[PDB]
Structures are given as C-alpha cells and as structure tokens.
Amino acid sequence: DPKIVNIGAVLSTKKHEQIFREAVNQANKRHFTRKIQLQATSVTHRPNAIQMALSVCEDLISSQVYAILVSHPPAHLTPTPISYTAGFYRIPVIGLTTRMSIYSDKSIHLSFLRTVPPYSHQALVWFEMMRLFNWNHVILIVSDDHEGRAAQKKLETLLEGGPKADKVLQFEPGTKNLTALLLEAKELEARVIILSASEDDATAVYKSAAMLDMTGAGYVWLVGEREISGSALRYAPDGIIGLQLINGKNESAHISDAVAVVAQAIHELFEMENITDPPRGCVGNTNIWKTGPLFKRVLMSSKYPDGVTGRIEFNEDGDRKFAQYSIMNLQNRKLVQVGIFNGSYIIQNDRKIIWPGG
C-alpha cells in the first residue's frame, strides 16, 4: 500500500474527465509510485457560481485534493469560484485555457497557475515584431478595462526596459462611435496602430477607422487574438496582423501537460519533510492547508520541457512562459499564417505578408 494523493479537476465534459483520469494513470505508470501514488478526482462545471463553489467543497476538497485543474467551459462560467474556494485553503489551482489577465492578480487569485499565458503577454510578440519590422513609433489603442490596461502596462514595460509609443489612447468599453478617439490618432505622424480590445469593441474600432480612411495604404494594424475572433473578423480591415495562441483551446492537450507538471511537483514535494495533508472537506475547517504555500513554490518552479503544448515554465505571476503564437494576416478576407512566435523568436514562413493597401 502506497499513499494515495488525489488530484482534482473541474473540466468541461465527461470526455475530458476521462482524459484526466487517463493522464493520471500514465503519471503513475511513468513515475516511481511505491511511496506516493496519484488518484484522479474530477467534476464538470456547475451552471452557476454558488453551486460550483459548493461542488468544490463536496466533491473535490472532501477528497483532500492537493491541486485542482480547471478549464474554461463551453458556451458566463469562469474558474473564479474554484480559485476562490480552493484559495481559501491555499490549494493550488491550475487554469488550463483561461487567458484573462485578472487571474494574474495575487490579491484576487492567491494560488493560481495556468498553462496558457494571459492576453496581455501578446505584447511580448508585438515588441519582437516592432524590432523585426523596425516600427519605432507606434500608437496604442486599448479599452479602458482591466484587460486593456494590462496590455498597456505590459508593452510599456517592454518599451521602457529603442522603439517608442508616440501616444496611448483609451476608450470606454461599449462605445460604438469612436470617431473622436481615432481622429486623435489620425493627427499624429505614426501610422502603426496596436489594438487591445474585446471582440465587440474591436468591431467598433475597425468600422470607425474605415470611415476615417485609416485602414488603407501607409497604415499598419497590429492586434491580438480576441481582435480577430468571431465577430471582430467580420469588419476587420485587410492586411491586419493578429495572433493565435497555438493549442490555446485544446483542453485535452493542456490537461495532459498540467497533469505531467503536477505529478512531477507532487513527487518533488514528498522529497521534503513535514508534508501535511490538505483539509478533508470544507465543513468546520477554516485554517489554510499548512503545506499549500510550499507546494505552490514547487509548482511555480516546475519545468516540463517535453510538453504537448511546448515548454512549460511559469513566471513570477504563475503565468505560462514560452507560449507559442501563430502570426496571422488577413489576406483577401482569409486569415493566413505568415509566421510563428516560437517562444523567444519570430520565424517568418514562405507565405508573404500583405499589408493594408497592398
């Protein structure tokens, strides 16, 4: 008899529950498991956020999970209630597909890592594009919400680390007539425009920009994933450059990698002395898991190089490092891949970029 250590998961379907079970079975096969051996405990998202918090207690923390994998579900339900409840006890949560930058805030999400980067980290790719194509003067348009300001904070950090941002313009999310904003950007000399916005806000920008004839030749538009997804694509100018996080939405892949990291971290944890068990259930327990913060340190320091989604490391916010992006270019109204960011390096492929105008 070895010691059974439960990993938890809130996942999107029963097919993905089975994938999680199977990943853990492989972790046990791959590892030496005479001392500790993992057990998979899992559940699908509940329809609302109270029911979900309760399910974490009743289904997961009742089984003394050392960690909880969490996916973004299908088709208003965030990881948040799982991060809240698990964090009450300092049980680490691993986000699989969530990409909002708010989950990088420690005050809000104590024990949260994720195997995908926040949207704001796309600035890392923009910046390498700016050096590559020698855009030294850019205008930055972002939405005045958390995600927009996250992208500005991140890019301005890279610029004040060269190329410069001639001006930064913010607009109130929801606004439909952005002619005022875009006329302010039109008057400046710089014709390279970077955008951070949600799907529907980017649509507003694209339209207004087209009215003011700012999507033609001379102008360059550099953008993220949200701003060329679904609706945003319907009105996007031709020539626009955008990004897609490779494997960003493959829940199966991120389950496989998250389990590999977590298994490694668990075995590394039990190399140390004085490891305590998590609390058995929520009822009557109000103390944090004493070993929670150590296990987080171990997770955060974890390196898995041979991962399905590439090279798994985490930065100081517990966000994925060395993510890989498709560099996309809207050509005759088709999203065409013109390159990848391979984690550190831009690699242009043989498909030629067509800029706005060309």
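Start at 1 and count along the sequence shown; that's the residue number. Definition used throughout: the rigid core is the maximal C-alpha set that superposes within 1.5 Å between two forms.
- Between 104-112 and 257-265, greater CA displacement relative to the shown form is found for 104-112 when the structures in 9 other deposited structures of this protein are fitted on the core.
- Between 164-172 and 84-92, greater CA displacement relative to the shown form is found for 164-172 when the structures in 9 other deposited structures of this protein are fitted on the core.
- Compared with the other entries of this protein, residue 75 is frequently left unbuilt, missing from a third or more of those that build its neighbours.
- In this entry, residue 161 and residue 162 are separated by 10 or more residues of the deposited sequence that lack coordinates.
- According to the record, 1 to 3 deposited residues between residue 75 and residue 76 are left without atomic coordinates.
- As the entry records it, the average C-alpha temperature factor is higher for 272-280, out of 272-280 and 91-99.
- Of the candidates 251, 105, 201, 225, the PDB record gives 201 the highest C-alpha temperature factor.
- In the PDB entry, the Cα temperature factor peaks, among 245, 255, 262, 168, at 168.
- For residue 20, the recorded CA temperature factor ranks within the lowest third of the chain's modelled residues.
- Ranked by C-alpha B-factor against the other modelled residues of its chain, residue 195 falls in the middle third.
- When the modelled residues of the chain are ordered by their C-alpha B factor, residue 218 lands in the highest third.
- In the PDB entry, a CA B factor belonging to the lowest third of its chain's modelled residues is recorded for residue 292.
- Per the deposited record, the Cα B-factor of residue 349 falls in the middle third when ranked against the other modelled residues of its chain.
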